[PDB]
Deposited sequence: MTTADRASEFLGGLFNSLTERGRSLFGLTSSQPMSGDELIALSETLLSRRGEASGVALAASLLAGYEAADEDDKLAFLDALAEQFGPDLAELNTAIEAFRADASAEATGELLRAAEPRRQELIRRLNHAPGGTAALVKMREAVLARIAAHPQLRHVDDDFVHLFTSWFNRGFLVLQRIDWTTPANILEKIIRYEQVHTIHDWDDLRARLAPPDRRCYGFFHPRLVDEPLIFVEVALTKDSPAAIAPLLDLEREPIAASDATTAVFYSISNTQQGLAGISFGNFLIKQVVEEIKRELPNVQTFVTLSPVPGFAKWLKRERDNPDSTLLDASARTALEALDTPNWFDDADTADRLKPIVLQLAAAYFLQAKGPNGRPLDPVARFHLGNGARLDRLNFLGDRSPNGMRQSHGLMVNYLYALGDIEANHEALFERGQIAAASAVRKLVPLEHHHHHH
């Protein structure tokens, strides 16, 4: 039945209210010592006790002691090499069930149990996420921790099940402890104090939502900023216009997604499903059924640095001197001003930009642009390419000002998605694809 919606609501409410209810720096060595103790503990009370302790000791430790520990999760808490070999020989001797099971057992690094146990401490999950954040930041100077992050991903993928994710409008009636977080995760608009915030949430032509999961109480995991309007924008400058006149909800037909952000560093790479946006769309449709179309005014981070690599190679598959000439006009502080040099680049940029999307592919079989991977993964369609839609000194170096417009269509959202994942079809508008 559908009663499942109420049951989970009631349940997640007991969980959150419960959460809102509930020390001296340690060295890298002690932390390791403590881990071993926790891994051999049998009692459940002493277990959470050692766990909470370890987590407090780590949060308190000096940046150096922290790294000593993370490194140890690589060297001292991987699988037992002896056992694993024994187990390998057995399988090699007879590919039996007994042997194929002990192999699965012996190949599991001890870290997994350690993380599974640390997670029993009150606040454990939140601390664990902050820990994966530290290892993610340590991969560079210590590639070894890439395997330590692998195990966090495994476990996290299991905890943050997409079935328990939930969408909530983040308006002025939202709990203060949560909004206080929004002040921090706010990407676009500026917000220093609660006044800036209320003001930010005030306008009736502005909206924003958040996805919450019971594993992290009162934590908006994904933040979705929307703008209500009648026209489908091609420039960001206007939507963020502080002195412009805002309209009314019934006075809109096109909801435009100007910002979508993952708020927790430690959750990078953890999928929360691919029909997120679809949900944010229905919420808007249920509230304001007038809204006929749903488009996004997303950026294109990676295009500029793609135009670099693609130009630096004088043996481009489709980029001659005729182009490379006027092309490098971008190599000037201010070029977007000269209305002349502007209309010159438009055709050439939009032409290479179209390639960057439908043509360019990253490592694995998938679009190079990260924002494309997302919105496209979410069944949207690469509808329009707004040249110079963001002339901010930020976007100018990010994508040379180039901004695009993905369009979500309730009808064929799932359709595009299957296309993209099963085959490779990059749902794009005809007007953009004819720039090969």
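Absence of C-alpha coordinates is noted for several segments of the deposited sequence, namely 1-3, 26-30, 445-453.
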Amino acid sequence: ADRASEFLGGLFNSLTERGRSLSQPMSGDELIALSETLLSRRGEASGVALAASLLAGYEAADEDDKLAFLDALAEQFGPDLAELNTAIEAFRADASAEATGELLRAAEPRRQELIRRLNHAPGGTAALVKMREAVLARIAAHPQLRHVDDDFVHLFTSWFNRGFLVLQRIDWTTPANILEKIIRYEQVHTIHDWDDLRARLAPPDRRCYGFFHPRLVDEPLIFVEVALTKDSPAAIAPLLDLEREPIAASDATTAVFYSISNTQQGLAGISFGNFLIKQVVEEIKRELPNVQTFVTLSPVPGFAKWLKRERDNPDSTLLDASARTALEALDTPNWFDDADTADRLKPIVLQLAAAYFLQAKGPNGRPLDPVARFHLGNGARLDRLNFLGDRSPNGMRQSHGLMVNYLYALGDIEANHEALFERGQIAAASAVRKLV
From here on, numbers count along this sequence of modelled residues.
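For the segment pair 132-140 and 281-289, the entry gives 281-289 the higher mean B-factor, averaged over Cα atoms. With 200-208 and 78-86 compared on mean CA B-factor from the PDB entry, the stretch scoring higher is 200-208. Ranking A176, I222, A121, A339 by Cα temperature factor from the entry places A339 first. Among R309, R169, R105, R162, the highest C-alpha B-factor recorded in the PDB entry belongs to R309. For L352, the recorded CA B-factor ranks within the highest third of the chain. Only modelled residues enter the ranking. Compared with the other modelled residues of the chain, the Cα B-factor recorded for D390 ranks in the highest third.
The deposited CA B-factor of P299 belongs to the middle third of values across its chain.
Residue-level temperature factors show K66 in the lowest third of its chain, judged at the C-alpha atom.
Looking at the C-alpha B-factors along this chain, the one for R397 belongs to the highest third.
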